[PDB]
Amino acid sequence: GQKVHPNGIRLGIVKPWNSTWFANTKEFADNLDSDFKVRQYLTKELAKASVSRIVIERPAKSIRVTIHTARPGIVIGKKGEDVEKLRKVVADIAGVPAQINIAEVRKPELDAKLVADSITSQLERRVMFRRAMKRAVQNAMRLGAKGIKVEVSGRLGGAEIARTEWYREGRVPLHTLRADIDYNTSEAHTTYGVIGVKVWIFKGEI
Amino acid sequence: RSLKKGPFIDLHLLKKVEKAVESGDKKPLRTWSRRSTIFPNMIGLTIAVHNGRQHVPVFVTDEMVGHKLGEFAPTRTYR
Amino acid sequence: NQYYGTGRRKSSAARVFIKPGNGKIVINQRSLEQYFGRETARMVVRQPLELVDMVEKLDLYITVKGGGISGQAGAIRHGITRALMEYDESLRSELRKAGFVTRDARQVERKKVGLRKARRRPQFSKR
Amino acid sequence: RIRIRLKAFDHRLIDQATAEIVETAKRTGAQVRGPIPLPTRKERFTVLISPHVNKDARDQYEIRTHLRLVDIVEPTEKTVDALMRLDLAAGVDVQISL
Amino acid sequence: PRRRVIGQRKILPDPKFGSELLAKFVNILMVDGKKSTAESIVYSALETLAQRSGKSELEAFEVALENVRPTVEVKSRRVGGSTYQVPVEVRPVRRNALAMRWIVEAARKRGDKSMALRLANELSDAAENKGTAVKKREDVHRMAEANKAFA
Amino acid sequence: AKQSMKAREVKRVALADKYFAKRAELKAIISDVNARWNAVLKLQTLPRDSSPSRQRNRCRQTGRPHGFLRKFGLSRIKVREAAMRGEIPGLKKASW
Amino acid sequence: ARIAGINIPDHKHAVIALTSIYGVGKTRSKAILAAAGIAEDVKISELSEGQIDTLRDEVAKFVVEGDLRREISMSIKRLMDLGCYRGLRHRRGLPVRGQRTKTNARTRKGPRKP
RNA sequence: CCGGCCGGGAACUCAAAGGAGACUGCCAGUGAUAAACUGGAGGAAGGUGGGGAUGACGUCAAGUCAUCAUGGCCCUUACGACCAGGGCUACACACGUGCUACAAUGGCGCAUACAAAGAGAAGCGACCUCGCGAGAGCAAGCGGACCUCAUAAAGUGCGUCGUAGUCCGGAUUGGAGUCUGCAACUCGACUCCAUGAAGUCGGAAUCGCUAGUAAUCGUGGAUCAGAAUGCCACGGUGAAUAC
C-alpha cells in the first residue's frame, strides 16, 4: 500500500477544499461532524441524481451547501420543491439557517466521482468489468482528458481470488504537483463482496 | 497515601457497620467495597471482602484501622 | 557617520552599528569581556577587525538577540563584515578571502519520524 | 481605536478580504493604519497512517491560521455604518472589537 | 568514499596561540560537545608543561608530540584470500592525528588527579619519550618492522 | 465499534451534564477548609456515571477509543481519510 | 568522636561525618550543625569537646541508631503479622510498592537463580 | 520614576504578503568540434546548495474481518445487554528497545549569561500570603506577536570534595504527606525525612552516525481529570574520520 491520495497532495497547489469555513477549536469538531451528517444525508438522498461534489461553507452562522451534480433537473425537480425540502432537512441537521445551490457538472464523463459511480453501478448490475472500464476510458478520452486511468480491484467476475486489472490511456502524471488530476473512488457492493473502483482523470498541466 | 480531607468508606458499608455493631456481631458481611478505610467502630466484626471471585472473611483487629479493606483480601493466587 | 550590518548565525541576529572612533565594543549595553568575554572565543567578534586593524579606528554599538553563545558571536562576526561598508568594496576583497562575508547557513536539522533525532536511527535487533 | 482582527486559513482569501475592508474604511471614513500581519499559527498533527501496527509510517499535517490587524483610528459614523453588513468573505473570522 | 572524493572543513585556530594544530588537539580531547572544558584542560596542562620544561608553550608541545608520531603503520589487505598486515607510510595529517589520539588516550589511561595533570604528565613523559604513547608508537613500529617483508 | 459502547458513551454524557456541573458543586465548595460533618463526602451516591472522568472521547464517526484527536473529534484514521478528501478545512500535508 | 553510639567518624567535614549516624542524612545533619551553632565545613579534629557534646545533645533529639533500627523492624513486623498485601508482599521477598515483577525486580528479589 | 518607561521615530531586528536570486549563466582546460567533467571568478548560496513532501510495474496468497465497510459461515432467553468486584500491573525465568549510572572532562553549595518552538476557557492561571517541599488561599490578565505555562540547562566565576564504593550512584524499604479523581488496597503521580543495593566501563557478539551530523544539554506538545525514562517536535554547545 503505497501511493498518496492525489487530491490531498494538491490541496494548496491546484485543488480546492470541499469545506471552506473558518472555526476556532471550540466548534471545529462540531462543524466538522455537522458536515459529515449533511454529506452523509445529502449523498444518500441524491443517489440517483449523479452527484459529484458537495461543498460546505459557513458564512456567519449559516450553511451554504453547493451540490456539484450532473443532472441538476432531477435535483431541483418540477418547481423546486425538492431543493426547499433538502434545505429544510439540512437546516434540521446543521441547526443553522441553510442555503443550498446547484452547480451543473457538464461533461459528466470527465468527473471521477461520476465515472467511479458509473462503473460501480454497472458492476452491481452484473455486467462484465472489462466493458465498464474500457467504455469509461474510451468515452472519457473522447472529450478532452489528457489522461485517464481506471482501476477496479477485488474478486472481479465472482472469482475466488482477487485481481486488479487497471487500464489507462493518455498521460496521467501523478508525481507532478501542478497536474490537475481529478481522482475519486467508489465501492461496488456485489453479491460476491466489495469491488473497489478508483479513477484518475488528468485534465491539464496547471 | 491520599486524602487530606476525610478517609473513605462507602455509605452502604457505613450503614451495615452501624447496624452490625448495634445488633451485635452475628454474621460476616458481604462487602464488595474494597475502596473503604477500616474505622475503629469496625473492630471485632467479620467482614468478608470480595477478591474478584470469593468473599474472604476478614476479622478486624485493632491495628487494621489505618488501612483499606482490600489489603486483607488478595486477588491473585500465586503458588 | 553611522554604518550598519545585519549579521545572523543559527537563530541569532546581531545589529552592528559602526561610528569612527576608539576601539570599544558595546554589546547590549554591556562590554565585550562582560557579555561573553568571560567565555569561549571572544576572538571571533574581533577577527573582522584584524583584517585591517581596529586599534583606535571605530566604536561599534552592537545589539544581538536569539541563539546561544557561539551563535550570537558568529552573528556579530557576520554583522561587522556586513557593516564594513564604512570603507568601500576594497575590504570585501580580502574580507571575502577570509570567508567572513559568507552567511554560515548551517541550521539544526529537523527531527524525522521514526528516528530518535535528526539522523540517529534507533538500534535494530537481531537481523 | 477600532481594531478589526481577521483570521483565515487561506492567505489569498484573507488579504483579499482585508484589502476590501481597508479600501472600504479609508474610502468612506479616514485614518486606517494598514494590514499588519501578526504571526501565522501553524498547528501540526502527526497521525499514524496505518490501521494496525507500523508506528514508523506517519503522516504529518498542519493548519495555518493567518491573522491580519487593521486598527482603524477615526470613529466616523459613516465608516461604522458602511463597515457593517459588507464582508463577502466565507472563510474569514472578523473581530470588530472597539 | 565509495565514489565521493571529499574536501575538508577548516577549523578555527586556537584562541590563545593561533595554532590549528593545537585546535585539533582540543577537538581530540573534547567529549560530549563541551569545548570550553577541553580548552581549559589544554591551557592548564600545556601551561604547566611550559612552566615545567621551561622551553615555551607549543614547542614543548611540538617536541612531546614529535616523539609519538608514527613513521609507518600496518594495514590489512585481504587480496590473495589471506590476511596480510602490510606496512604503509602514514600521511602527515594522519601522522599528527594519530599522535594526538595516542597522547589523549594514554592520558585518559593515567591515574593522576586532574586531566590537566594526567595530560601534562603524559606530554612530559613523552618529551623524554618514556610514556605510554611512545610505547604505542614503538608497538606500531614493531608491527611494521616485523612485517617489513610486504611492499 | 460495538453499538452498545457508543450507547454507553451517550449515557455517560447525559448523566454527566444532568447531575454534575450542578452537584459537582459539592466536591468543589463543601470539601474545603470551612468547618466538619462527614456528610457531603458521603453524598457521592450520585450514579457514578455523572462523573465526567468516565467519558472516553471516542471517535465521532466510528466510536474508536484509541487514537482520538480532540481538535477534529475523530480518530486518526478518519482524520486522514477526511483530510485527504478535503472536508477538513485548512488542513494539508506538512513539510518543513 | 564517639557520638550517638559506637559511631566514631573523623578527618572529614562535620556535615558529612555526621551522616555516618544511622538516621541522619544531609538535611538532618545541616539541622544538627545549625542547631548546635557549628560551621558546616569544620572537621572533628579541630573541634572542641564541649563542642562535641553539644553535637551529642543535638543528635539525641532525633530517633537514631538502635531506636530507629527497631522502629523500622517493628513497622515491617506489624505489616507481616497483619498479613496485608504489603505484608505478604514483604514476606515473600517481592517488591512492595506496586512495581514490575515480570522483569526487573532484582534489588528486592536478588540475583537470578538458575 | 532609567525599565521602550513615555512623547515619538519608522531606519533596524522582526512579523507576513509580494518580488529578485542559482540556470553549468560567465571564463580556462580536457572531451566525438557532443554530452559532460575538472578548476577559476562573481555571489548569501555552485553545481540535484541543506532538509522534507513526493515512494514506478510488481514481490511477500506480508499486516489488519478489532477503526471502518464487507461475501459466506455461526450465536440470536445468547457468542446479545446492564451492573459491582477482579484482571489486563500476576513472576523460578529468557529476549527486545530505552533511562540512570559506575564519576574529578565530575559531585555539591553560592552567584551569573545566552534560546527556539509550542499550548491555553470544564483551560493557562500572574502578583501577594501561608507551607522545608509537593502544594494551599485570595485571585489579576489572557481565547491570546499583549497574559499565563515559563526559571532554559549544559556554560561561566568562586569555594569544597579528593580517588574513597567515596560528598559517585540512586535502586529498595520504613515513616510522614500534597494533588487529581465517587474512589490511589490490588493499581497513580509528586514531595519531605530516613535507608542507601547492584554497579569501578561490561564475554561471545552487536548497533547508529559523513556536518550543525554523531555526542551531549535542556524546552514544548498530542493522548490526558490524574498518570511518560515512550512518541512527535524545538533549540544550546558541538566533534572525529573517510587511504
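So, how was this worked out
Residues numbered from 1 in each chain as written, not as in the entry; some residues may be left out. Chains lettered and ligands numbered in written order. Part of a larger assembly, values for the part shown. Heavy atoms only, no water. Residues with missing side-chain atoms left out of burial classes, pairs and counts. Helix = DSSP H or I, 4+ residues; strand = E, 2+ residues; numbered from the N terminus. Buried < 20%, exposed > 50% of the residue type's maximum accessible area, 1.4 Å probe, protein only. Contact = heavy atoms within 4.5 Å. Areas by Shrake-Rupley, 256 points an atom, 1.4 Å probe, with all protein chains shown as cover. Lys, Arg positive; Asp, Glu negative; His and termini not counted. Charge placed at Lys NZ, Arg CZ, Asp CG, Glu CD. Salt bridge = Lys/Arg side-chain N within 4 Å of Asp/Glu carboxyl O. Axes fitted to C-alpha atoms, helices over the stretch in contact; angles between N-to-C directions. Parallel < 35°, antiparallel > 145°, perpendicular 65-115°, else oblique. Left-handed = near helix turned anticlockwise from the far one by under 90°. Nonpolar A, V, L, I, M, F, W, Y, C, P; charged D, E, K, R; others polar. Expected span 1.5 Å × (residues − 1). Arc of directions from axis to C-beta. Polar contact = N/O pair within 3.5 Å; in protein donor to acceptor, adjacent residues only side chain to side chain. Buried area = accessible area lost by both parts, 1.4 Å probe. Pairing = 2+ DSSP bridges. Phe/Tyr/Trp six-rings, centres within 6.5 Å; stacked < 30°, edge-to-face > 60°. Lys NZ or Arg CZ within 6 Å of the ring centre and 35° of its normal.

**Considering the overall build of chain E**
For chain E, the count of helices and strands is 6 helices and 2 strands. The linear arrangement of helices and strands in chain E, starting from the amino end, is α-α-α-β-β-α-α-α. Dimensions of chain E along its principal axes, counting C-alpha atoms only, are 50 × 35 × 25 Å. For chain E, with 151 residues in total, the buried portion stands at 36%. Once local pairs closer than 6 in sequence are excluded, the contacts in chain E between residues at least 24 apart make up 55%. Put simply, chain E shows about 9700 Å² of open surface, and 49% of that area lies on carbon and sulfur atoms. Averaging the positions of the 30 positive and the 19 negative side-chain charges in chain E gives two centres separated by 9 Å.

**Considerations on the pattern of salt bridges**
All names here are of chain E. Counted under the stated rule, the structure contains 36 salt bridges over all chains. For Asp125, the salt bridge is made with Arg110, and the minimal N-O distance between the two is 3.0 Å. Taken as a pair, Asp125 in helix 5 (residues 115–127) and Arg110 in the loop between helix 4 (92–109) and helix 5 lie far apart in primary sequence, 15 residues in all. According to the relative accessible area criterion, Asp125 is buried, its value standing at 13%. Here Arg110 falls in the partly exposed class, since its relative accessible area comes to 23%. A single network of salt bridges, built from pairs that share partners, joins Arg110, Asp112, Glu122, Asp125 and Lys130.

**Thoughts on unusual backbone geometry**
A positive phi angle, close to 60 degrees, is found at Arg126(A), a residue other than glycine. Of note in the backbone geometry, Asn28(C) takes a positive phi value of approximately 55 degrees without being a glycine. When you line up the elements, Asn28(C) lands in the loop between strand 3 (25–27) and helix 1 (32–35). Judged by relative accessible area, which is 24%, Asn28(C) ranks as partly exposed.

**Observations regarding the packing of helix 1 (residues 28–44) of chain A against helix 3 (residues 81–94) of chain A**
All names here are of chain A. Axis separation between helix 1 and helix 3 bottoms out at 9 Å; the angle between their running directions is 150 degrees. Relative to helix 3, helix 1 is oriented roughly antiparallel. When you trace helix 1 past helix 3, the crossing you get is right-handed. Across from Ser34, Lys37, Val38, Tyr41 and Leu42 in helix 1, the residues of helix 3 making contact are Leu86, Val89, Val90, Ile93 and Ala94. Looking at the contact of helix 1 with helix 3 residue by residue, the class counts come to 8 nonpolar, 1 polar and 1 charged.

**As for helix 1 (residues 11–22) of chain B**
Residues and elements named next belong to chain B. The first and last C-alpha atoms of helix 1 sit 16 Å apart over 12 residues, in line with the 16 Å expected at 1.5 Å per residue. Within helix 1, burial applies to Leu13, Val17 and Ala20. What you see down the axis of helix 1 is that its buried residues fit within an arc of 65 degrees, all on one side. Away from the buried face of helix 1 by more than 90 degrees, exposed residues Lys15, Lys19 and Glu22 are located. Looking at the packing, one finds that the buried side of helix 1 touches strand 1 (29–31).

**Quick word on the side chain of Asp125(E)**
A polar side-chain atom of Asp125(E) sits 2.5 Å from a polar atom in the side chain of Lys130(E). Aside from chain neighbours lying at most four places away, what touches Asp125(E) is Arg110(E), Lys130(E) and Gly131(E).

**Brief notes about the interface of chain F and chain A**
Contacts between the two partners involve 18 residues from chain F, matched on the other side by 19 residues from chain A. Counting the surface lost from both chain F and chain A, the interface buries some 1700 Å², and carbon and sulfur atoms represent 64% of this. Across the chain F-chain A interface, the total number found is 2 salt bridges. One salt bridge connects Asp30(A) with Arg60(F), and the closest N-O pair in it is separated by 3.5 Å. Inspection of the chain F/chain A interface yields 6 residue pairs in polar contact. Mapped by element, the contributors of at least two residues to the side of chain F that touches chain A are helix 4 (76–85) and strand 3 (91–93) of chain F. If you tally residues by element for the side of chain F that touches chain A, the top one is helix 4 of chain F, at 4 residues.

**Describing the arrangement of the chains**
The assembly contains 8 pairs of chains in contact; the pair sharing the most contacts is chains A and F. Separating chain B from chain E is a minimum C-alpha gap of 41 Å, and the two share no contact.

**A closer look at the sheet that holds strand 2 (residues 13–20) of chain C**
Residue and element names in this part refer to chain C. One open sheet accounts for 4 strands, arranged 1-2-4-3; its pairing is mixed. Of all the strands in the sheet, the pair left with one neighbour each is strand 1 (3–5) and strand 3. When strand polarity is set aside, the average angle formed by the axes of neighbouring strands in this sheet is 15 degrees. Sheet topology note: the strand 1/strand 2 ladder contains 3 bridges and is antiparallel. Bridging from a neighbouring strand, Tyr4 pairs with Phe17 of strand 2.

**A word on the packing of aromatic side chains**
Scanning the model with the defined rule gives 12 aromatic pairs over all chains in all. Ring geometry for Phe25(E) versus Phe61(E): centroids 5.1 Å apart, planes at 70 degrees, classification edge-to-face. You can see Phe25(E) sitting in helix 1 (residues 20–29) and its partner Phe61(E) sitting in helix 3 (residues 58–66), a full 36 residues away along the chain. Judged by relative accessible area, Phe61(E) falls into the buried class, the value being 2%. Each residue in the set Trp21(A), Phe22(A), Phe28(A), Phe9(D), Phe45(D) and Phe72(F) is aromatic and connected to the rest through ring pairs, giving one cluster. Note that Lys149(A) overlies the ring of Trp200(A), its terminal NZ or CZ placed 4.8 Å from the centroid. For the cation-ring pair, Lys16(E) lies above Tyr43(E), with the distance from its terminal atom to the ring centre recorded as 4.3 Å.

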